[PDB]
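Student: What follows is a structure written as structure tokens; I'll ask about it next.
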Amino acid sequence: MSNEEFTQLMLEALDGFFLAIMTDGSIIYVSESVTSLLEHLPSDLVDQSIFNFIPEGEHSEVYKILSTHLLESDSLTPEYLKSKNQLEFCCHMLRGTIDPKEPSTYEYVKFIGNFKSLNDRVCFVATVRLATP
């Protein structure tokens with residue numbers, strides 16, 4: 001069993017995909033299953049902001065809850081960061097469209113992730129799954 005096969009099965013069982021953002025929400029990575037869960041290609045997401053896909057009324061609380069969580073690191077110097085434990089939150093994400101005449105549709109999803117320094121930058125690596133409220 002390959003690395004890629006294992007993550008296929010785990011993310012299938014979760015109904016989820018992998019996502020990595022910078023602290024301003026800029027998207028640097030998305031795994032292939034976002035297509036069957038949201039009908040975006042990963043390349044439509046990478047280099048865009050996560051907030052381009054979150055309804056505006058949610059932005060304040062998502063950023064607040066991420067910021068507040070990052071403050072739990074004792075220092076913010078990237079070499080010495082390490083998330084103490086996982087962050088959890090839910091929100092909507094816009095779906096892709098074959099028909100732009102159609103009105104916009106959204107999936108309610110749950111994030112689970114951690115801050116982690118790259119390479120030094122601070123990024124949030126997460127699993128995003130379908131959820132219900």
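Labeling convention for the structure tokens: chains A, B, ... as they appear, residues from 1 per chain, ligands from 1 in order of appearance.
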Within 8 Å of residue A:22, counting only C-alpha atoms, which residues qualify if same-chain residues fewer than 6 places away don't, as an NGL selection string?
Tutor: :A and (28 or 121-124)
Student: Write out the residues from the selection above, keeping N, CA, C and O atoms, as a tab-separated table (two decimals), in the first residue's frame.
Tutor:
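Saved as result.tsv:
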chain	number	residue	atom	x	y	z
A	28	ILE	N	-2.09	27.30	0.02
A	28	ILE	CA	-0.88	26.80	-0.62
A	28	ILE	C	-0.98	25.35	-1.03
A	28	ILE	O	-0.17	24.91	-1.86
A	121	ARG	N	7.96	30.50	7.60
A	121	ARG	CA	6.61	31.05	7.62
A	121	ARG	C	5.72	30.20	8.54
A	121	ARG	O	6.07	29.08	8.90
A	122	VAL	N	4.56	30.74	8.91
A	122	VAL	CA	3.60	30.02	9.73
A	122	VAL	C	2.43	29.63	8.85
A	122	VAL	O	1.80	30.48	8.22
A	123	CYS	N	2.14	28.34	8.82
A	123	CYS	CA	1.03	27.86	8.03
A	123	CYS	C	0.15	26.96	8.89
A	123	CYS	O	0.57	26.46	9.94
A	124	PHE	N	-1.09	26.81	8.44
A	124	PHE	CA	-2.10	25.98	9.09
A	124	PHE	C	-2.34	24.78	8.18
A	124	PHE	O	-2.73	24.95	7.02
Student: Which residues are close to residue A:72, i.e. within 10 Å by only C-alpha atoms, leaving aside same-chain residues fewer than 6 positions away? Reply as a ChimeraX atom specification.
Tutor: /A:81-85
Student: Export, as a PDB file, in the first residue's frame, the selected residues with C-alpha atoms.
Tutor:
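Final file, again-v9.pdb:
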ATOM      1  CA  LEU A  81       6.453  27.439  17.336  1.00  0.00           C
ATOM      2  CA  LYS A  82       4.627  24.037  17.488  1.00  0.00           C
ATOM      3  CA  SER A  83       0.851  23.963  18.012  1.00  0.00           C
ATOM      4  CA  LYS A  84       0.169  22.493  21.445  1.00  0.00           C
ATOM      5  CA  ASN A  85      -3.063  20.841  20.273  1.00  0.00           C
TER       6      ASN A  85
END
Student: So which residues touch stretch 94-97 of chain A within 12 Å, counting only C-alpha atoms, skipping near sequence neighbours fewer than 2 positions away, as a VMD selection string?
Tutor: chain A and resid 34 to 42 44 to 45 50 to 56 91 to 92 99 to 109
Student: Check the DSSP output for the backbone and give back, as a PyMOL selection string, the residues of stretch 32-131 of chain A in helix (DSSP H, G or I).
Tutor: chain A and resi 34-38+42-45+50-52+56-70+78-80
Student: Hey, what's within 7 Å of residue A:111 if we count only C-alpha atoms and toss same-chain stuff fewer than 2 positions away? As a PyMOL selection string, please?
Tutor: chain A and resi 88-90+109+113+126-129
Student: With N, CA, C and O atoms retained, write the just-selected residues as a tab-separated table (two decimals), in the first residue's frame.
Tutor:
chain	number	residue	atom	x	y	z
A	88	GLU	N	-10.35	23.23	16.04
A	88	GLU	CA	-11.54	22.72	15.37
A	88	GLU	C	-12.53	23.86	15.15
A	88	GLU	O	-12.77	24.67	16.05
A	89	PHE	N	-13.11	23.91	13.96
A	89	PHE	CA	-14.12	24.92	13.68
A	89	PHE	C	-14.82	24.56	12.38
A	89	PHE	O	-14.29	23.82	11.55
A	90	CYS	N	-16.02	25.09	12.21
A	90	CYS	CA	-16.80	24.78	11.04
A	90	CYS	C	-17.25	26.08	10.41
A	90	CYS	O	-17.26	27.13	11.05
A	109	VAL	N	-18.71	22.58	6.36
A	109	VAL	CA	-17.55	21.71	6.53
A	109	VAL	C	-16.95	21.95	7.91
A	109	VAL	O	-17.15	23.00	8.51
A	113	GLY	N	-7.07	21.21	12.38
A	113	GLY	CA	-5.69	21.39	11.97
A	113	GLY	C	-4.81	21.96	13.06
A	113	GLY	O	-5.24	22.15	14.20
A	126	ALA	N	-4.47	21.30	7.69
A	126	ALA	CA	-5.79	20.88	8.16
A	126	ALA	C	-6.41	19.79	7.29
A	126	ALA	O	-6.12	19.67	6.09
A	127	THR	N	-7.30	19.04	7.92
A	127	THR	CA	-8.27	18.19	7.25
A	127	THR	C	-9.61	18.91	7.26
A	127	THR	O	-10.06	19.37	8.32
A	128	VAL	N	-10.26	18.99	6.10
A	128	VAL	CA	-11.57	19.61	5.97
A	128	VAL	C	-12.54	18.50	5.56
A	128	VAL	O	-12.32	17.82	4.55
A	129	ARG	N	-13.58	18.27	6.38
A	129	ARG	CA	-14.59	17.23	6.15
A	129	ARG	C	-15.97	17.83	6.03
A	129	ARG	O	-16.25	18.90	6.59
Student: When you draw a straight line from atom CA of residue A:66 to atom CA of residue A:9, how long is it in Å?
Tutor: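 That distance, rounded to one decimal, is 28.0 Å.
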Student: Running DSSP on the backbone, which parts of stretch 41-120 of chain A land in strand (DSSP E), as a list in words?
Tutor: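 So the strand (DSSP E) residues in stretch 41-120 of chain A would be residues 87, 88, 89, 90, 91, 92, 93, 94, 106, 107, 108, 109, 110, 111, 112, 113, 114, 115, 116 and 117 of chain A.
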Student: For a quick check of understanding, using only C-alpha atoms, which of A:131, A:93, A:20, A:98 has the smallest distance to residue A:114?
Tutor: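 Residue with the minimum atom-to-atom distance to residue A:114: A:20.
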Student: Between A:76, A:10, A:130, A:125, which residue has the minimum interatomic distance to residue A:30, considering only C-alpha atoms?
Tutor: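 Ranked by minimum distance to residue A:30, first place goes to A:125.
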